[PDB]
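Colleague:
Chains as they are written, first to last, in the authors' numbering: chain G, 2 to 79, 103 to 297; chain A, 2 to 57, 67 to 82, 104 to 256, 265 to 355, 359 to 392, 418 to 758; chain F, 2 to 65, 77 to 217.
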């Protein structure tokens, strides 16, 4: 909708299931949980939840930004990322390279006294020009929380360096912003990990070309004293193309008998093609 | 079913006279010879009359049309005569599959005989055959008998274009088409006559019967990744890829030999093209995928896809055959993208059970007989459990997956052979504490091979595209090529690992992963490549990465690092081996005939026949090979001439010969003989290190 | 009252350091222990985990809570991920080492293991950084509602943990050299929010 949110990382960690494997990009789950925790660290959780439950609030997944915006590959029409100029060139039939945006390398770490803790952490070290840019509805609240995030890191194993970034809030190129909708009816692509409400699951599962991601893991909490695993949901990945747009939800994936709500941003944001 | 069983046995014994026409030969027709030889074997009137009239009793016309659609003295040609070079002949020598002996690599000089030992094979057939029940229970072991014996004798063997497919594959594919014809005709209902549309008109060829079904066990590779347990997990997926085929043919009115390619994840079939078949395919796909949801939860997914092809599409035509595979793989890819039913995700979104099973199966991995039980453990299907048993048995079987033997293990009924597995010599925590030679010197190093066939997915459907724009590319040639690759990489590898201190964890041709002890690991890789290229006469090659690791290390880091090595080998020319590192990626032929057989023998022959030069000279040569300025040529020249004079004048001549060889492959500009010499010195100074 | 009051210093190696690596294939005469490095720039780094753990184990020797709220604890519900974000440290003086003539940013120290009788040696090549390398060190501390009674006490632990890391080695094969380090230019500055940094920069330096 509104402006991009360019994020220059230099050694982040975006774990996909295991600590030993980073996945070069983070879904809207992770940026929304990051904004919720940075709003809870400040005094403004309820204002951000009032903005997020409102319909106009958008978040999309992170995609590489070496000089221009990239987009996920639309599943099934003719890679994993396309230049914003090369989307319509790809969809009519062409071939591209999956450009090296980062080096995903593992580092061996230990805990020396314990003599059984010998672990590895996979790090996506970006390549001196690549950033990630969530697309969002611009607000003073959101820029406040996002410029708070850039000194608090993003992803996994932060407080050990991994994930600390810096902002550039740039306007959208005008050939991109034409194609960002939520209510179009013909041949649209989700560029965020969404999940339809049950009235649209039928129409999305029938005429939709998609991918499943299992969003699971532990629920971070300052109020539980032990760590409980979330409710392990499955959702449509980025680049999933559909018959038309759907209306998604913020899934409550709270543990059983749990104090606060563990949310999950699966509201969509779409790209026309 | 009493019609279909007799139809199947007659369709396999279609051409059994064509081995009896050879052993104790005559001039009379092979149909009469087989149909009179079969009369001395249990005297089934329907099957014998079907053999009487296969090459001219409604059942015999099915066999007559099945021979025609299956088709499309002189010894059997090899299947790799047809790939991308029109220059070899290289025929076979028909004896047996022994399954525990050395292969019969096709020689270029075996074109002549085609007569010698067929009496012994015919006596084997008469011996195991004649006392037969011809029920549907014994419908299984006759295919195993044919692939054991008739697999290296040729088919019709006249000088015409085919010359290649065996008798055990022509008969197999004929039984496939015959059962498909019988199902299409009996579920269309009209069968009066069978002869009324087949023998008298050829308008039956131009309509869509015969759906070629297929599937793909997606997520097989990431499911696999405490190392014998990894072999057990890969073999678990292999038996699942068998049991899907077996149960899908059980739900139909079929058995095996309605089958093609198996192994890995892919499999291909030939079915009826009735409505009954496609609704039971959709039903079986739904049922097995909700099984996989119940146990594996999207880590595994079966996607059946199919294409209905007319009979004249295979008869010839070169492009519509790949169009049939295109329709198939398009449906497979569509269901691979669009995984699930609606409520199977709605219901889905709101110490261990099967890992205890895989632990017990990792215990039972050492057996040979594998049994399908109702409730024993290791579920491999809806209402199915999988157990590994010895001959202390006879507890409620439903199939017996006998192991790679398939003839001596084929003594029990209901025996499907499986080709996987074997040679775990010692446990993996001892392979680096070995190597430990009898002289007592060598470096304590695990090694691991990952080798794969280069250009293999291109090979299965485009290898036969070269020789002729009107490409050969039969259904039967693709079947025999897949059978050759599964017969090489999953059986014969256990004989190339005969006494070589290693353990082969999994092997399918798509990837072969073999941990072991490093001298015999490199020897195993060299023997595997040379035996492979004698097996295939080039035109199809393999590339390998051989890591090297100390003991007490993981097998995830290890497998990943040598995966990076095999990928750096893939990037070279995809015919290449990368020993130990991201450099050192040699071509495989230069590694064999210019590192082992040329440079390292000339290094070993020097340093074991002289006493004055030792390790220190070798280390200082390794450094000059590793730096290599223009100045280090002069510095190496000075060093070697300076060590000429220091020798005893009795070894000054032999040191002078080594001086000339080392300086000549140091100052060679081409940079081949320099890094090859560096690796030869690394291996030599590895294999002579003490404790 | 939410503030982030980022510490920024210069890690000058007063003895060259060797913070480890990942065990890979080493050849015969090659390096038996290379340093951890940047994959894209091939320069020596100091990971933030190797200052967090080192400073934490040094402050655990002094302070027995005070320690859990700076370095986190997966138990103790109020101190889970507490109040400090470390960062990887990269070479700040890459050009000042090109000025005074230095070929490589790493040295290779040859070394051995004379093994008591037989008294046969056993060599070793380990890679170090060099002893005028200076690394751009950052450390983000955070102010919140629970902080405001205990902010001053959390600087007499950070400054004390840097003073301890001075007179200890840092990251690797120390206790026989290898780790001596000086912190230059301790200064704190608010990079988000509002907090007076002049009161603790007096307590620093």
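Built from N, CA and C at the ideal position, the CB exists for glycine as well.
Using the beta-carbon count (16 or more within 10 Å), is residue 285 of chain G buried or exposed?
Modeller: Within the first chain, residue 285 of chain G is the residue found at index 261, counting from 1. That one is exposed.
Colleague: Say yes only if the C-beta of residue 170 of chain A is nearer than 7 Å to one or more non-hydrogen atoms of the ligand HEM, and no if none qualify.
Modeller: Although the ligand HEM was asked about, the structure shown includes no ligands whatsoever.
Colleague: Would you kindly report the start and end of the unbroken beta strand (DSSP E) that includes residue 436 of chain A?
Modeller: Here residue 436 of chain A corresponds to residue number 369 of the second chain, with the count starting at 1. Run containing residue 436 of chain A: 436-440, per the beta strand (DSSP E) assignment.
Colleague: Let me see if you follow: with CB-CB separation under 8 Å, is residue 387 of chain A close to chain G or not?
Modeller: Position 345 of the second chain holds residue 387 of chain A. Yes, contact with chain G.
Colleague: Using the beta-carbon count (16 or more within 10 Å), is residue 221 of chain G buried or exposed?
Modeller: As a working note, residue 221 of chain G is residue 197 in the first chain. Looking at its Cβ environment, which holds fewer than 16 other Cβ atoms inside 10 Å, residue 221 of chain G is exposed.
Colleague: In whole angstroms, give me the CA-to-CA distance for residue 73 of chain A and residue 290 of chain G.
Modeller: Residue mapping note: residue 73 of chain A aligns to position 63 of the second chain, counting from 1. Residue mapping note: residue 290 of chain G aligns to position 266 of the first chain, counting from 1. Rounded to the nearest angstrom, the two C-alpha atoms are 59 Å apart.
Colleague: Pick out the complete beta strand (DSSP E) segments inside the segment 649-730 of chain A, 3 residues or longer, and give them in chain order.
Modeller: 652-654
Colleague: How long is the line joining the alpha carbons of residue 586 of chain A and residue 255 of chain A, rounded to whole angstroms?
Modeller: Position 519 of the second chain holds residue 586 of chain A. Position 224 of the second chain holds residue 255 of chain A. In a straight line, the C-alpha of residue 586 of chain A is about 27 Å away from that of residue 255 of chain A.
Colleague: Are the C-beta of residue 30 of chain F and some C-beta of chain A separated by less than 8 Å?
Modeller: Stepping through the third chain from its first residue, residue 30 of chain F is reached at position 29. For residue 30 of chain F, the answer is yes, since a Cβ of chain A falls inside 8 Å of its Cβ.
Colleague: In or out: residue 263 of chain G buried (at least 16 other Cβ within 10 Å) or exposed?
Modeller: Position 239 of the first chain, counted from the first residue, corresponds to residue 263 of chain G. With 16 or more other Cβ atoms within 10 Å, it is buried.
Colleague: Closest Cβ-Cβ distance between residue 76 of chain G and chain A: below 8 Å?
Modeller: Residue mapping note: residue 76 of chain G aligns to position 75 of the first chain, counting from 1. Yes, residue 76 of chain G counts as interfacial toward chain A.
Colleague: Can you name the residues of chain G whose CB is closer than 7 Å to the CB of residue 384 of chain A?
Modeller: What you label residue 384 of chain A is simply residue 342 of the second chain in a count that begins at 1. The contacting residues are 225, 226, 229.
Colleague: For a contact meaning CB atoms closer than 9 Å, what does residue 337 of chain A contact in chain G?
Modeller: Taking the second chain and counting its residues from 1, the one referred to as residue 337 of chain A is at position 298. Simply 236, 238, 258.
Colleague: Distance check for residue 122 of chain A and residue 145 of chain A, CA to CA, integer angstroms please.
Modeller: Taking the second chain and counting its residues from 1, one reaches residue 145 of chain A at position 114. Taking the second chain and counting its residues from 1, one reaches residue 122 of chain A at position 91. Taking the straight line from one Cα to the other gives about 10 Å.
Colleague: Does any CB atom of chain A fall closer than 8 Å to the CB of residue 26 of chain F?
Modeller: Against the third chain, residue 26 of chain F aligns to sequence position 25. For residue 26 of chain F, the answer is yes, since a Cβ of chain A falls inside 8 Å of its Cβ.
Colleague: Evaluate residue 544 of chain A with the Cβ neighbour count: other Cβ atoms within 10 Å of its Cβ, from every protein chain shown; 16 or more gives buried, anything less gives exposed.
Modeller: Here residue 544 of chain A is taken as the residue at index 477 of the second chain, counted from 1. Buried, since its Cβ has 16 or more Cβ neighbours within 10 Å.
Colleague: For the 8 Å Cβ check, are there 3 or more pairs between the segment 221-234 of chain G and the segment 13-21 of chain A?
Modeller: Contact between the segment 221-234 of chain G and the segment 13-21 of chain A is absent: fewer than three C-beta pairs spanning the two stretches fall below 8 Å.
Colleague: Report yes if the C-beta distance between residue 588 of chain A and residue 574 of chain A is below 8 Å; otherwise report no.
Modeller: Sequence index remark: in the second chain, residue 588 of chain A carries index 521 (1-based). Sequence index remark: in the second chain, residue 574 of chain A carries index 507 (1-based). Not in contact: residue 588 of chain A and residue 574 of chain A (Cβ atoms no closer than 8 Å).
Colleague: Rank G/179, G/38, G/107 by C-alpha distance to the C-alpha of residue 18 of chain G and give the top, closest one.
Modeller: For the purposes of this step, residue 18 of chain G is taken as the residue at position 17 of the first chain. When each option's Cα is compared against that of residue 18 of chain G, the closest is G/179.
Colleague: Helix, strand or coil, according to DSSP, for residue 503 of chain A in the structure here?
Modeller: Here residue 503 of chain A is taken as the residue at index 436 of the second chain, counted from 1. Coil.
Colleague: Span of the beta strand (DSSP E) holding residue 129 of chain G?
Modeller: Along the first chain, read from residue 1 onward, the residue named residue 129 of chain G stands at position 105. Per DSSP, residue 129 of chain G belongs to the beta strand (DSSP E) from 126-134.
Colleague: Taking the beta strand (DSSP E) that residue 124 of chain F belongs to, which residues open and close that run?
Modeller: Translated into the one-based positions of the third chain, residue 124 of chain F becomes position 112. Where residue 124 of chain F is concerned, the enclosing beta strand (DSSP E) stretches over 118-124.
Colleague: Identify, in the order they occur along the chain, each residue of the same chain with its Cβ nearer than 7 Å to the Cβ of residue 428 of chain A, setting aside the five sequence neighbours on each side.
Modeller: Here residue 428 of chain A refers to the residue found at position 361 when the second chain is read from its first residue. Contacts found: 271, 275, 445, 455.
Colleague: Ignore the nearest five residues each way along the sequence and tell me which others in residue 180 of chain F's own chain have a CB closer than 8 Å to its CB.
Modeller: Against the third chain, residue 180 of chain F aligns to sequence position 168. The residues are 55, 59, 186, 191.
Colleague: Quick one: measure Cβ to Cβ for residue 169 of chain A and residue 177 of chain A, integer angstroms, because I've assumed they're closer than 8 Å.
Modeller: Along the second chain, one-based indexing puts residue 169 of chain A at 138. Along the second chain, one-based indexing puts residue 177 of chain A at 146. That pair is no contact at about 13 Å.
Colleague: Return the bridge partner residues of residue 227 of chain A from the DSSP annotation.
Modeller: Taking the first residue of the second chain as position 1, residue 227 of chain A is located at position 196. None; residue 227 of chain A has no bridge partner.
Colleague: Between A/9, A/345, A/28, A/56, which lies nearest to residue 45 of chain A when the distance is taken from Cα to Cα?
Modeller: In the second chain, the residue the question calls residue 45 of chain A occupies position 44. Nearest C-alpha to residue 45 of chain A: A/9.
Colleague: When burial is assigned at 16 or more other CB atoms within 10 Å of the CB, is residue 625 of chain A buried or exposed?
Modeller: Walking along the second chain from the start, residue 625 of chain A turns up at place 558. Per the 10 Å Cβ criterion, buried.
Colleague: Please identify, using Cβ separations under 9 Å, the residues of the segment 205-224 of chain G that lie next to chain A, in order along the chain.
Modeller: So the close ones are 219, 222.
Colleague: Alpha carbons only, please: which of F/61, F/159, F/121, F/133 is nearest the one belonging to residue 137 of chain G?
Modeller: Numbered from its first residue, the first chain carries residue 137 of chain G at position 113. The shortest C-alpha separation from residue 137 of chain G is found at F/61.
Colleague: Fully enclosed by the segment 209-293 of chain G, which alpha helix (DSSP H) runs are 4 residues long or longer?
Modeller: If we require 4 residues or more, the alpha helix (DSSP H) runs fully inside the segment 209-293 of chain G come out as 222-231.
Colleague: Who are the Cβ neighbours of residue 293 of chain A in its own chain at under 7 Å, not counting the five residues just before and after it?
Modeller: If you number the second chain from 1, residue 293 of chain A lands on position 254. The answer, listed in chain order, is 210.
Colleague: Mind listing the chain F neighbours of residue 752 of chain A? Cutoff is C-beta to C-beta under 7 Å, in chain order.
Modeller: Locating residue 752 of chain A in the second chain gives position 685, where the first residue counts as 1. Annotation: Cβ neighbours of residue 752 of chain A in chain F (cutoff 7 Å, chain order): 29.
Colleague: What residues of chain G sit near residue 3 of chain F, judged by a beta carbon separation below 8 Å?
Modeller: Here residue 3 of chain F refers to the residue found at position 2 of the third chain. Within chain G, the residues near residue 3 of chain F are 42, 43, 44, 172.
Colleague: So is residue 14 of chain G in contact with chain A if we call contact Cβ pairs under 8 Å?
Modeller: Start at 1 with the first residue of the first chain, and residue 14 of chain G comes out as number 13. Residue 14 of chain G does not count as touching chain A.
Colleague: What residues of chain A sit near residue 233 of chain G, judged by a beta carbon separation below 9 Å?
Modeller: By one-based count along the first chain, residue 233 of chain G stands at place 209. In chain order: 376, 379, 380.
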